[PDB]
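Student: Below is one structure. I have some questions about it.
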Amino acid sequence: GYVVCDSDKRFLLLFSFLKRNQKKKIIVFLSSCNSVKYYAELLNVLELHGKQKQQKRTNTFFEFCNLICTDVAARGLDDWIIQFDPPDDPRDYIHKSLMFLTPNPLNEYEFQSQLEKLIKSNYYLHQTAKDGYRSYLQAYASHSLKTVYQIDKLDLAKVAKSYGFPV
Amino acid sequence: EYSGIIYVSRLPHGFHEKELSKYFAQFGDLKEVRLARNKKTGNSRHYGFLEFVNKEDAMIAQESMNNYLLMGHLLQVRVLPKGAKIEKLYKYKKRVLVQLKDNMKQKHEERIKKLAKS
Amino acid sequence: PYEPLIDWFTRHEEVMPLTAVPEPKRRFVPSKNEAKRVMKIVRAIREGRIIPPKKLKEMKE
Amino acid sequence: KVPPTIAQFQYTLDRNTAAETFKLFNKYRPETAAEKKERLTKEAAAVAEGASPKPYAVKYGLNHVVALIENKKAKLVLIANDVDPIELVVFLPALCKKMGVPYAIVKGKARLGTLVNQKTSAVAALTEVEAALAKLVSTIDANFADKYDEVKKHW
Amino acid sequence: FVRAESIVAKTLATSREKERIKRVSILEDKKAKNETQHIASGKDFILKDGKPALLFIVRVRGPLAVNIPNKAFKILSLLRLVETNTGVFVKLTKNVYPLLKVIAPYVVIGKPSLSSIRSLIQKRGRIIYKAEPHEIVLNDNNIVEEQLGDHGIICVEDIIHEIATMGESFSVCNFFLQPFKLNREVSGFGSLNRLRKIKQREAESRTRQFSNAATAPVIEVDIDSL
Amino acid sequence: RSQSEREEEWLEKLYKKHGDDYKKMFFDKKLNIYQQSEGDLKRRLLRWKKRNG
Amino acid sequence: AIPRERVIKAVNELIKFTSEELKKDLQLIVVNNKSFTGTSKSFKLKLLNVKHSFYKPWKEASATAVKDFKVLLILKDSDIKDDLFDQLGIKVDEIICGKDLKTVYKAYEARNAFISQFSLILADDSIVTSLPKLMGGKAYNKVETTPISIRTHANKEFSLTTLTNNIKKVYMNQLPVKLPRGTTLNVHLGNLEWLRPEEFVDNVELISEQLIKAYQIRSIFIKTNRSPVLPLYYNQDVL
RNA sequence: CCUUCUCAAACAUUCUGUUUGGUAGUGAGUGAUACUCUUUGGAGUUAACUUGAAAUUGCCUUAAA
Numbered sequence: 267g268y269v270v271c272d273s274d275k276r277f278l279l280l281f282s283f284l285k286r287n288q289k290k291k292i293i294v295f296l297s298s299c300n301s302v303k304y305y306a307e308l309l310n316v317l318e319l320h321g322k323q324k325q326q327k328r329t330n331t332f333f334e335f336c337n343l344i345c346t347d348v349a350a351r352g353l354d359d360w361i362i363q364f365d366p367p368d369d370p371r372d373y374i375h389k390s391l392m393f394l395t396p397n411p412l413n414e415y416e417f426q427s428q429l430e431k432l433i434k435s436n437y438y439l440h441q442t443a444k445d446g447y448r449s450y451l452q453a454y455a456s457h458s459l460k461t462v463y464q465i466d467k468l469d470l471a472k473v474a475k476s477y478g479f480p481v
Numbered sequence: 088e089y090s091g092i093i094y095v096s097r098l099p100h101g102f103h104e105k106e107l108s109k110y111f112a113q114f115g116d117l118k119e120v121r122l123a124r125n126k127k128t129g130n131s132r133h134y135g136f137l138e139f140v141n142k143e144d145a146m147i148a149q150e151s152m153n154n155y156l157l158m159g160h161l162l163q164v165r166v167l168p169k170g171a172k173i174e175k176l177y178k179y180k181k182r183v184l185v195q196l197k198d199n200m201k202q203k204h205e206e207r208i209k210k211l212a213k214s
Numbered sequence: 239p240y241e242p243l244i245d246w247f248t249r250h251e252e253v254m255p256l257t258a259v260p261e262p263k264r265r266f267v268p269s270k271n272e273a274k275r276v277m278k279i280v281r282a283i284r285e286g287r288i289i290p291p292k293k294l295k296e297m298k299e
Numbered sequence: 070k071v072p073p074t075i076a077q078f079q080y081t082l083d084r085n086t087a088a089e090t091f092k093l094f095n096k097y098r099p100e101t102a103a104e105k106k107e108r109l110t111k112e113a114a115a116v117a118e119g125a126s127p128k129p130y131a132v133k134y135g136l137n138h139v140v141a142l143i144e145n146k147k148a149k150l151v152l153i154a155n156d157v158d159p160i161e162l163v164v165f166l167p168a169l170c171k172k173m174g175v176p177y178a179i180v181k182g183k184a185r186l187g188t189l190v191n192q193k194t195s196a197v198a199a200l201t202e203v208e209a210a211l212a213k214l215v216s217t218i219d220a221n222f223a224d225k226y227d228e229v230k231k232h233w
Numbered sequence: 055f056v057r058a059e060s061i062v063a064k065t066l067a068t069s070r071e072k073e074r075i076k077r078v079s080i081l082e083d084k085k086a087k088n089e090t091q092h093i094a095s096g097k098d099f100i101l102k136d137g138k139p140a141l142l143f144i145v146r147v148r149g150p151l152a153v154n155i156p157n158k159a160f161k162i163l164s165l166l167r168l169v170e171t172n173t174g175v176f177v178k179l180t181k182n183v184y185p186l187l188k189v190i191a192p193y194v195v196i197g198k199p200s201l202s203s204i205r206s207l208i209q210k211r212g213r214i215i216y217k222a223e224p225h226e227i228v229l230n231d232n233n234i235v236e237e238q239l240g241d242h243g244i245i246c247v248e249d250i251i252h253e254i255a256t257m258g259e260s261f262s263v264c265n266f267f268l269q270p271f272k273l274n275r276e277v278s279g280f281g282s283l284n285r286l287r288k289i290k291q292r293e294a295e296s297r298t299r300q301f302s303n304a305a306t307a308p309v310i311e312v313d314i315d316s317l
Numbered sequence: 175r176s177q178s179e180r181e182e183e184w185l186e187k188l189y190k191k192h193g194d195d196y197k198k199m200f201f202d203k204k205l206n207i208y209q210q211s212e213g214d215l216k217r218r219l220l221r222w223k224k225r226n227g
Numbered sequence: 031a032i033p034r035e036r037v038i039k040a041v042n043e044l045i046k047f048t049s072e073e074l075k076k077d078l079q080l081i082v083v084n085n086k087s088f089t090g091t092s093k094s095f096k097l098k099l100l101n102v103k104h105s106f107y108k109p110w111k112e113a114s115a116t117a118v119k120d121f122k123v124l125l126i127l128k129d130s131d132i133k138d139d140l141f142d143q144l148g149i150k151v152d153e154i155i156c157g158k159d160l161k162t163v164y165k166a167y168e169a170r171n172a173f174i175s176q177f178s179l180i181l182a183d184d185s186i187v188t189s190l191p192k193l194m195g196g197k198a199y200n201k202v203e204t205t206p207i208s209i210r211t212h213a214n215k216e217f218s219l220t221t222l223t224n225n226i227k228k229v230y231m232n233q234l235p236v237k238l239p240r241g242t243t244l245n246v247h248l249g250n251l252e253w254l255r256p257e258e259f260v261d262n263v264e265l266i267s268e269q270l271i272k273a274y275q276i277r278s279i280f281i282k283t284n285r286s287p288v289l290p291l292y293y294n295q296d297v298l
């Protein structure tokens, strides 16, 4: 089922969901390949996306067969299957499985200052953070979603990506 | 019209009624001052009410101290319409400075009988 | 002659900053322009032409 | 007769709030030339014989203060009224309002500069602070930005 | 007219002073009873006992403008040290020991020296008596020979010996001395005095500190400072 | 060219702390105050080792 | 000796009944008392000896759970002089001094946020007495948000070994409990995963014996958060 | 515009273990079932959680001039 999650607490919800298992194969799909590179360093599952080396990506996937992957790279390679960022297609994902959205089928579920301090202190984690944030922004704007367009304020999007000031 | 009652929330901690009376006495002849104190403990709620014998001075004081930044937090002084008097505000104080076996056995037996409900 | 102004532009607030200038490392680095002066003072002390601060107090005869 | 865009100054922050703002700014006075020089000499002596948190200081220079503005990095802006070139500060309140940043006006550029070492500072701003900044911002808002929001009127 | 901040500060300071005084008095009452079972401490010590010892006390200004409290005000009135920069010698005793804590925040105490006592006596002294408003200084020993000397205290040296040796006439002479009004430190204002006062004020915090603890050791400092 | 005395000591400290693990040195806030990248770290450490084996 | 038969029966009956997070998992023991400390409200945290190092499973569950607690050690000025942790199987999270807590947290929201971060509130015995004036009501309104007392001074001087051994013992022996001026007292134990029946019976036996020895307890009931009060001992003979 | 009680005692002394005493708090407001006492008046106690120091009505002067 789909889960309603506000952008202000998206990071907290994702961290809690990850902490709920700590081992089980919680498959996650991301729209932006740059974002996963920034999220991989936030664990302070392994990186598995298309932008990195093909050989290393394949080796890591084979090791994991015994994640943090994008929509495009997940197709054909394969406890929870989730999609956090907007999908590359509104229906290719519907075709256990759960969803996350809040701009608007089965059912629905029911129910960190260190990162804020570090984002302004660490240069590399700041550049990667902003890169992922605006890559997600570009994917959201470039996607021709049925009922999602440029309306939501970035004041909460920046917080969702750990950013305090609006970039 | 504005009544003589002055509503001031967000009062500084320790700003007892005596201090309010002393300070507001400078503006003129205040009528009464009262503070909302908890029954359990004398600590105030940081909001109280006071009245003035003159309605003009009542709003003049609010205008002068409308957003005065006192220590801790600013004063949220407001003036109410006609009526809304200072009725009922008590000066609570902490306090002055400073056979059975049968019932217990019966209760124990009752508990022993009730625990089977689990 | 005597008319009020219009706040047509001063009514909405921008979200994103007007410029997306990349963040320079210097803002995230301890003032290299100040380490330069620190090392200049170190060189001057090595040459002996600058007296250490302790000797200033120790020589107040 | 002054136009509505002018006379926004002269009507400035009240006595108590202005004093509180000055006291708050005094807590983050930038290191003076002598203090900076002596600190650097001490650091050199320590290193020459035998890595610190980022410092904080008030922003005063007009160019870099405006640079921080528009980027939304200015938490508070303080402006002098008696500045000789008025055009230097006519647009500053408008820019602050457009960017959604608290701003305030004071009387006396020299008094503005006395808290930042320099003889005069025209304008000043703060980038980081402990918790009284929010209360001071709220007081400044309720006493000048919202109570005198009709500055666009009158002549 | 007076601004609000002053009243609130005075109220806050008065509340703390009253709480400290009440706690100290309540603890001392239990300590005297010798129960010493559920209190912080029962013994007494001094760090830098109630045994006899002549000590000098100086009335310092501060803390903030706290309204005169009954206990401390009455204790000071007993020693008539209301005026700032005034000092008097008192005989230390177990009964008088709690008075130090009672009026610790307002006064500074310490052990004087024979030379210091002699210099203070020979350099300052008052005899407020025969209308008798005159503040006649100890100009001559004739007054000491007439009004005093019944117990053998005929000259100023006898008074010095009694004060330093805690003689029988110590109470009589001390009252007669009309304790001295010592001059204030800076005693000025204007261009240099402001900076000198600011510089001196820093030492006050590091020297005149009150821990406010009920079992705080007696605060003692050498009288050689002045 | 060579490394400065202070720079040489800092590089030696980093090498002792982590050896050849440049990734760990990158996050070593105690010594990597300037947040040197993975490339500059190795570029300086190779020259440091050239004179230290 | 305390009646072990009732404990053996309970360790199965209550487990079956319970088998929401704290209600299902949070184990505790409640002791009935006949008044306490007269007309006083001293906030002394009594300590009980535990035969098992339940802290290790407690942090293991917290590490694998969403709620990750932190251990805060309040120190003094002299203690500022990684040596405070290098000598500690057990790792201390944060160390703070009373100098900061009295001013940098004047905002009650920040104070509450700081307090809620930690659970194992540890403080020096010297400074523990002055804490309540600083941390306010919220810290003293919950057993896990109030400062525990640990002896670090030795010969009126700081001692690293004294702190280390005492903290190790507390991590593998001591268990805190408040001292309310009432007839009811609560002592939290742990989670349902804590050990097995016989081991759980042994764990509760020492706690019950220490509670009986320390004071003239009235009655003790084996309990779990909002579970039925299963009786343990009937100490009415004192009455 | 103002800074909060940052150890007192005994055995023993192994760079210090053991035992006791000393902690009277900002309020507002939610709330999962039990303890008694206290003799109808309600009195204190047992988890968990929100908070912009938020909030509408319980019967001694040299911090001078």
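Chains as they are written, first to last, in the authors' numbering: chain D, 267 to 310, 316 to 337, 343 to 354, 359 to 375, 389 to 397, 411 to 417, 426 to 481; chain o, 88 to 185, 195 to 214; chain m, 239 to 299; chain G, 70 to 119, 125 to 203, 208 to 233; chain t, 55 to 102, 136 to 217, 222 to 317; chain v, 175 to 227; chain K, 31 to 49, 72 to 133, 138 to 144, 148 to 298.
Even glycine gets a Cβ: it sits at the ideal position worked out from N, Cα and C.
#1: Whole angstroms are fine: how far does the CA of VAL194/t sit from the CA of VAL56/t?
#2: Going along the stretch 263–284 of chain m in order, which residues come within less than 7 Å of chain D, judged by CB to CB distance?
#3: Assuming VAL302/D and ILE361/D are in contact, meaning their beta carbons sit under 8 Å apart, how far apart are those beta carbons, in whole angstroms?
#4: Measure the Cβ-Cβ separation of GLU138/o and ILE173/o and say whether it is below 7 Å.
#5: With respect to the beta strand (DSSP E) encompassing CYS156/K, which residues constitute its N-terminal and C-terminal limits?
#6: For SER130/K, which three-state DSSP category applies?
#7: Taking only the alpha-carbon atoms, compute the straight-line gap between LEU468/D and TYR450/D and give it to the nearest angstrom.
#8: So if DSSP puts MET392/D in a beta bridge, which residue, or which two residues, is it bridged to?
#9: Kindly indicate if chain m contains any beta-carbon less than 7 Å away from that of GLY182/G.
#10: Residue ranges of each beta strand (DSSP E) run of no fewer than 3 residues wholly in the stretch 99–129 of chain o, ordered along the chain?
#11: Apart from the five residues just before and just after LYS93/K, which ones in its own chain have a Cβ nearer than 8 Å to its Cβ?
#12: Quick check: is the beta carbon of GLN79/K nearer than 7 Å to any beta carbon in chain o?
#13: Against chain G, with Cβ distances strictly below 7 Å, would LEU98/o count as a contact?
#14: Looking at the secondary structure, which residues open and close the alpha helix (DSSP H) in which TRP110/K lies?
#15: Would you give the residue range spanned by the beta strand (DSSP E) that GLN79/K belongs to?
#16: Taking only beta-carbon atoms, is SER282/D less than 7 Å away from chain K?
#17: With 7 Å set as the bound, which would you pick, yes or no: does the beta-carbon of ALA166/K sit closer than that to a beta-carbon of chain G?
#18: From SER96/o, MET146/o, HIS100/o and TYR177/o, pick the residue whose C-alpha is nearest to that of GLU59/t; which is it?
#19: Assuming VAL260/K and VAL37/K make a contact with CB atoms under 8 Å, what is their CB distance in whole Å?
#20: Could you name the residues of the same chain whose beta carbon sits closer than 8 Å to that of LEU205/v, not counting the 5 residues immediately before and after it, in chain order?
#21: Determine whether the Cβ of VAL253/m lies closer than 7 Å to any Cβ atom of chain D.
#22: Determine, using beta carbons only, whether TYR437/D comes closer than 7 Å to chain v.
#23: Suppose you measure from the CA of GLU73/t to the CA of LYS127/o; what does that come to, to the nearest Å?
#24: Taking the alpha-carbon positions, what's the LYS149/G to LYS92/G distance?
#25: With distances taken from CA atoms, which of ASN294/K, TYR293/K, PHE106/K and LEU289/K is nearest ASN42/K?
#26: Which residues bound the alpha helix (DSSP H) around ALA212/G?
#27: Which chain G residues sit within Cβ distance under 9 Å of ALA169/K?
#28: Using a C-beta to C-beta distance shorter than 8 Å, which residues of chain K count as neighbours of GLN288/D?
Tutor: The structure says:
#1: Against the fifth sequence, residue 56/t aligns to sequence position 2. Against the fifth sequence, residue 194/t aligns to sequence position 107. Going by the C-alpha atoms only, they are around 28 Å apart.
#2: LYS263 and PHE266
#3: As a first step, residue 302/D must be located in the first sequence, where it is residue number 36. As a first step, residue 361/D must be located in the first sequence, where it is residue number 81. Between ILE361/D and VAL302/D the Cβ distance is about 16 Å, and since that is not below 8 Å, they are no contact.
#4: In the second sequence, counting from the first residue as 1, residue 138/o sits at position 51. In the second sequence, counting from the first residue as 1, residue 173/o sits at position 86. Taking 7 Å as the Cβ cut-off, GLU138/o and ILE173/o qualify as a contacting pair.
#5: Position 97 of the seventh sequence, counted from the first residue, corresponds to residue 156/K. Residues 153–156.
#6: The residue labelled residue 130/K in the question sits at position 78 within the seventh sequence. In this structure, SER130/K counts as helix in the three-state DSSP scheme.
#7: For this step, residue 468/D is matched to residue 154 along the first sequence. For this step, residue 450/D is matched to residue 136 along the first sequence. Going from the Cα of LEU468/D to the Cα of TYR450/D covers about 12 Å.
#8: The count along the first sequence starts at 1 and reaches residue 392/D at position 99. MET392/D is bridged to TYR268/D.
#9: Translated into the one-based positions of the fourth sequence, residue 182/G becomes position 108. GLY182/G does not count as touching chain m.
#10: 117–124
#11: Locating residue 93/K in the seventh sequence gives position 41, where the first residue counts as 1. Cβ within range, chain order: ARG240.
#12: In the seventh sequence, the residue the question calls residue 79/K occupies position 27. Output row for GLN79/K: interface = no.
#13: In the second sequence, counting from the first residue as 1, residue 98/o sits at position 11. Not closer than 7 Å to any Cβ of chain G, the Cβ of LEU98/o fails to qualify, so no.
#14: Looking up residue 110/K in the seventh sequence gives position 58. From DSSP, the alpha helix (DSSP H) with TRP110/K extends over 107–116.
#15: As a first step, residue 79/K is located in the seventh sequence; it is residue number 27 there, counting from the start. Taken as a continuous stretch (DSSP letters only), the beta strand (DSSP E) holding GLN79/K covers 79–84.
#16: As a position in the first sequence, residue 282/D is number 16, starting the count at 1. Yes, contact with chain K.
#17: Within the seventh sequence, residue 166/K is the residue found at index 107, counting from 1. Closer than 7 Å to some Cβ of chain G, the Cβ of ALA166/K qualifies, so yes.
#18: Counting from 1 along the fifth sequence, the entry for residue 59/t is found at position 5. In this structure, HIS100/o is the residue among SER96/o, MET146/o, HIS100/o and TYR177/o with its C-alpha nearest to the C-alpha of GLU59/t.
#19: The residue you call residue 260/K lines up with position 201 of the seventh sequence. The residue you call residue 37/K lines up with position 7 of the seventh sequence. That pair is a contact at about 5 Å.
#20: Residue mapping note: residue 205/v aligns to position 31 of the sixth sequence, counting from 1. The residues are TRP184, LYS187, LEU188, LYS191 and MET199.
#21: Mapped onto the third sequence, residue 253/m falls at position 15. For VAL253/m, the answer is yes, since a Cβ of chain D falls inside 7 Å of its Cβ.
#22: Taking the first sequence and counting its residues from 1, one reaches residue 437/D at position 123. By this cut-off, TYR437/D is an interface position.
#23: Against the fifth sequence, residue 73/t aligns to sequence position 19. Against the second sequence, residue 127/o aligns to sequence position 40. Their Cα atoms are separated by approximately 20 Å.
#24: Along the fourth sequence, one-based indexing puts residue 149/G at 75. Along the fourth sequence, one-based indexing puts residue 92/G at 23. Roughly 17 Å between the two C-alpha positions.
#25: Within the seventh sequence, residue 42/K is the residue found at index 12, counting from 1. The shortest C-alpha separation from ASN42/K is found at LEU289/K.
#26: As a working mapping, residue 212/G is identified with position 134 in the fourth sequence. Note, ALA212/G: alpha helix (DSSP H), 210–218.
#27: Along the seventh sequence, read from residue 1 onward, the residue named residue 169/K stands at position 110. Chain G residues near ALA169/K: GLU208 and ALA209.
#28: Within the first sequence, numbered from 1, the residue matching residue 288/D stands at position 22. Result: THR116.
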